[PDB]
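Enquirer: sequence unavailable; structure follows:
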Ligand code: NA
Ligand code: NA
Ligand code: NA
Ligand code: NA
Ligand code: NA
Ligand code: NA
Ligand code: NA
Ligand code: NA
Ligand code: NA
Ligand code: NA
Ligand code: NA
Ligand code: NA
Ligand code: NA
Ligand code: NA
């Protein structure tokens, strides 16, 4: 449980101008999260450009993140794939790496059934001893892992939680009532995450935490302590970021914000991500200023 | 133009019981399409389980399909990827293969902007002499290539057409009016394909054509000749298949139907596709019987 | 024949007090007679059916009939979300001179397919007037499906449908369930030409309020299979087709009517409010695109 | 305080002719008094507002007030899609004894945020009675957004909202724009407990028609922060929360009322039709799950 709760950053993969991982920038981010009280780092999720790294660069970024973390902050590896054999293969690369767990997205594009999702995640879970956090994000995947199937999978010993990114807050108690008390419920939607914690959620895997780590850590700890009015004060400060970090496709805005705050050298991404527009720059700058970060 | 019109089959990748390509079954399918008057074969699209073949098996199936075709029927290679560098790499593998063109899906999962889609397809187009057919399917990808961006891309010399799979028939004339007369408009939605041709579409890339090739060839030729009442007679025969081939995730139903008609040895798929349910079997059998195929 | 081509969903022109302005309605009806409009729908959605009581509703229909003076057929809006009120409103127009009724699926109370069947069947049985069913789920919360249209088409004086989903798959789904003389009309200007090209017989049009000559020409060209020529007209009308909804209908089309000199006042009843500055600029650019300004 | 907890959207019980059945309404109101229901909404959606004319509407509200006899507060449904009709209906209840009005966003005519503002502001200015705004886009075609709720909350007798989207992000979006005594009520039974846990003050409930004791207990436990205990009740009510909509509301809840002996007849007005065999079996299994049968 506890390690997989609070503010978990869906960390950018900072790049040089050629699109290659920038170690010095990642080191700065990881020292930042250690200092800020971030609970854990998700390495090569969606915000980390999993889509545009091959499995070798993917593995390199995860092992680099672990190495820079140096035991100071838990690392969760993104291990999602839309082929079950590939998800198992990617998961096996990190067995005994030192990561504490895996974040495994529902297959994207091929739109499996609820039985396909069950057989997919069960097969992955049987090929590792690592804790598995299911990841539901239908806007990106074209499929919806429903609470009934979550309940089914929760019975598998090392399936320990879900990163629910629908923004549909009815999912919190629909899942909670089909699962044991130590099954972890994490928001994957920054704008609705405090609401998600107020309904019983245990934390959030956050893009906003990339640039407001100390605020996001404080908001999740206040939510866990049941101080929701104090948590809402931080959430109101952060809400323009929660929204405007998606004004253009994630992670285009958050990489620009990281660069503007001096957290990374370069806001470079890989195609088909393209540089932030003038209009997006002014929108994200107004949001950083609203959060008191600029 | 003409080669990229009429009934184009989105061909299954027939597998043995281990999930490996079955050459004897693919040979039977390809001789079937030659005999039936199918215009062309799309090799390793969505129906061909692109999602669960690695790029090496992908390349093998395409080269196998070309080899079995033996010049008798044009082959279009599925070349889609959600990373631009990977789309270019996959496209380069088929340069000078003998395929006549590429079917290239909008990046899935990473949800690029209209400018990201432009820069993605333009970069691919600049790395080949092969004709490129854009593929829009938001239900699977999480993004929507809009007519405005299609018009932009149509100006690139070897971007020659789109496989519009929204089922939104307003797209036909929205695209047609932004593009030249020889820009190819193909339905990617069997249930709405005749409607799509009646509005100006030039053909369809079809799952139904896998099991009703001669009917689908005849329906597209009648539509092209402007005999829509005669085309609707075939479409009414086929409509339960057009729908029920999606009763469970494609290609689970069409692989079962292919096996039941004796067109392939095995209906085996790769996870996260799972075997057809009892209920799906009886639904697809009733649909085959309605089309007069059983 | 009378239920095909360009049918205007005519505005109820108002004075500044929100009362029907006969002189403006006379000018609109003369304009439709001169432009080749096939028929007038009186007090549909575009006619502010929502904000007229049944007495003002009946008066506007009787005024429209009187002004038409046999020169152009009049179809009455007769919709209601209570079946007893639909019958009662329908019974007011029996022997009025209207050629038919446009009857929307009940809004707000979200009936079943069986409730829609019983609703339209009851209405049809209380009149000899032809009935055109009207599907517009975006306004009603309710979707009359092709299967239920097929069921209703068997009732003698249920003669057609205004299909306002903008879902063009409904044309051949309905057409294959109904007789060859069941009339298919678009209720969606932006997709109407597409609708006719798939086999629709006409449109009940907001755009035809201000581009009646172009809308009559486009529907006639489509009916004769001159689609290339019909697409040229649709391209010059497409900004109106879209921007007449840039604010709630009929706020833009009433402003356009006034701007072209077709009506004295762009006045509406609450909860419709005056067109915004941004709206005026959008609608003026669309009128200019159509060659009307 | 009076606008919090479990508020029943009460059925208008009918005889077989479709007329209000006073003896059945008396038994429902005695039942709500005995069960701890906080208040009655009279002639809302569940009360078939759509199929009663304004005279029958007023009679049902006056009958409900009379039967309540000061034992339980009565809130009148006063919604209309024409602002002049909303004012007129509201003016009928001034000095009636109702404690407040529930006024739905105009349905069918799809006004702007500015039109909704002018609609509710005009209504509020023609009464001293508290106004509860009612957002239900699935029925209306119209979505009253938090920003517009904030604007309206500044008008003295606009005191709260029934938020029936089932979108739980609206609770804190509205709450941060309005004063601490602006009342937030769920209009969606299946998500009501969630709504209260995010800071909502109560629910206007279909389920409370047949599980009034459980619904009062769940809202009171939620208000006191006994969520574990409130979730146990929600779990035994969840099949009713969902299956009372298995057919159009109020077809299932009227059948459930009759089956429990709370009303004489499950009769409705067209276009509502009798519950299907499949519906009866679904609703009976849900009543049994709730321990009511
Ligand atoms: Na990144
Ligand atoms: Na971002
Ligand atoms: Na396949
Ligand atoms: Na299939
Ligand atoms: Na009007
Ligand atoms: Na006309
Ligand atoms: Na309705
Ligand atoms: Na249409
Ligand atoms: Na308008
Ligand atoms: Na009722
Ligand atoms: Na109660
Ligand atoms: Na509305
Ligand atoms: Na709710
Ligand atoms: Na009900």
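Expert: Okay, I see it. Residues are numbered from 1 along each chain as shown, chains lettered A, B, ... in the order given. Ligands and ions are numbered 1, 2, ... in the order given.
Enquirer: I'd say residue A:242 and residue A:209 touch.
Expert: No - at 10.7 Å, residue A:242 and residue A:209 do not qualify as touching, with contact defined as Cβ atoms under 8 Å. The C-beta positions use only the backbone N, C-alpha and C, and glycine is treated the same way.
Enquirer: which of those two has more neighbours?
Expert: residue A:209 (32 against 22; other Cβ atoms under 10 Å in any protein chain shown).
Enquirer: residues contacting the more buried one?
Expert: A:7-10, A:33, A:38, A:216-217 (Cβ atoms under 8 Å, 6 or more residues apart in numbering or on different chains).
Enquirer: mind redoing it with 10 Å?
Expert: A:6-11, A:33, A:36, A:38-39, A:41-42, A:47, A:190, A:193, A:215-217, A:219-220, A:238, A:254 (Cβ atoms under 10 Å, 6 or more residues apart in numbering or on different chains).
Enquirer: just the residues you listed: which are in strands?
Expert: Mapping the contacts of residue A:209 onto strands (DSSP state E) picks out A:6-10, A:41-42.
Enquirer: turn those residues into TSV, including distance to chain C and neighbour count.
Expert: TSV is the format used below for the ones in strands among the contacts of residue A:209 (distance: Cβ to the nearest Cβ, whole Å; neighbours: other Cβ atoms under 10 Å in any protein chain shown):
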residue	distance to chain C	neighbour count
A:6	42	25
A:7	41	28
A:8	40	30
A:9	41	31
A:10	37	28
A:41	45	29
A:42	40	29
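Enquirer: including distance to residue B:142, could these go into a markdown table?
Expert: Below are the ones in strands among the contacts of residue A:209 laid out as a markdown table (distance: Cβ to Cβ, whole Å):
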| residue | distance to residue B:142 |
| --- | --- |
| A:6 | 28 |
| A:7 | 26 |
| A:8 | 23 |
| A:9 | 23 |
| A:10 | 17 |
| A:41 | 25 |
| A:42 | 19 |
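Enquirer: mind listing the strands for the stretch 51-200 of chain A?
Expert: A:75-78, A:101-105, A:132-136, A:159-164, A:184-187 (DSSP state E, counting those that start in this stretch).
Enquirer: what is the neighbour count of the closest residue to ligand 13 within the stretch 151-294 of chain A?
Expert: For the stretch 151-294 of chain A, the nearest residue to ligand 13 under the criterion Cβ to the ion is residue A:170, separated by 8.7 Å. Residues contacting residue A:170 under the criterion other Cβ under 10 Å number 18.
Enquirer: ditto for residue A:89
Expert: Quick note: residue A:89 (other Cβ under 10 Å) scores 15 neighbours.
Enquirer: ok, it to ligand 12 distance?
Expert: 53 Å (Cβ to the ion, to the nearest Å).
Enquirer: that residue against residue A:58, yeah?
Expert: No - Residue A:89 is not in contact with residue A:58 according to Cβ atoms under 10 Å; the separation is 11.2 Å.
Enquirer: which residues do those two both contact?
Expert: By Cβ under 10 Å, 6+ apart, the residues touching both residue A:89 and residue A:58 are residue A:79.
Enquirer: so residue A:204 makes contact with residue A:40?
Expert: No - counting by Cβ under 10 Å, residue A:204 does not reach residue A:40; the two are 11.2 Å apart.
Enquirer: which one's more surrounded, the two?
Expert: residue A:204 (31 against 24).
Enquirer: now that one: which helix or strand?
Expert: strand A:203-206 (DSSP states H and E).
Enquirer: for ligand 4, what is the nearest residue in chain A?
Expert: residue A:111 (11.3 Å).
Enquirer: separation between whatever residue of chain A ends up closest to ligand 10 and residue D:133?
Expert: Across chain A, no residue is closer to ligand 10 than residue A:170, which sits at 26.6 Å (Cβ to the ion). From residue A:170 across to residue D:133, the span is 22 Å (Cβ to Cβ, to the nearest Å).
Enquirer: how about the helices in the stretch 101-250 of chain A?
Expert: When assigned using DSSP state H, counting those that start in this stretch, the helices of the stretch 101-250 of chain A occupy the ranges A:114-126, A:138-141, A:147-154, A:170-176, A:193-198, A:213-224, A:228-244.
Enquirer: of all those helices, which one comes closest to ligand 5?
Expert: When the helices of the stretch 101-250 of chain A are compared (using Cβ to the ion), the closest one is helix A:228-244, at 37.6 Å.
Enquirer: pull out the buried positions in the closest one.
Expert: Of all the residues in helix A:228-244, those buried under the rule 16 or more other Cβ atoms under 10 Å in any protein chain shown are A:228, A:231-232, A:234-235, A:237-242, A:244.
Enquirer: ok, the strand holding residue A:204 near ligand 2 or not?
Expert: No - Strand A:203-206 lies out of reach of ligand 2 by Cβ under 5 Å from the ion, never closer than 11.0 Å.
Enquirer: quick one: is that strand near chain D?
Expert: No - Strand A:203-206 stays clear of chain D (Cβ under 10 Å from any Cβ of the partner chain), getting no nearer than 14.5 Å.
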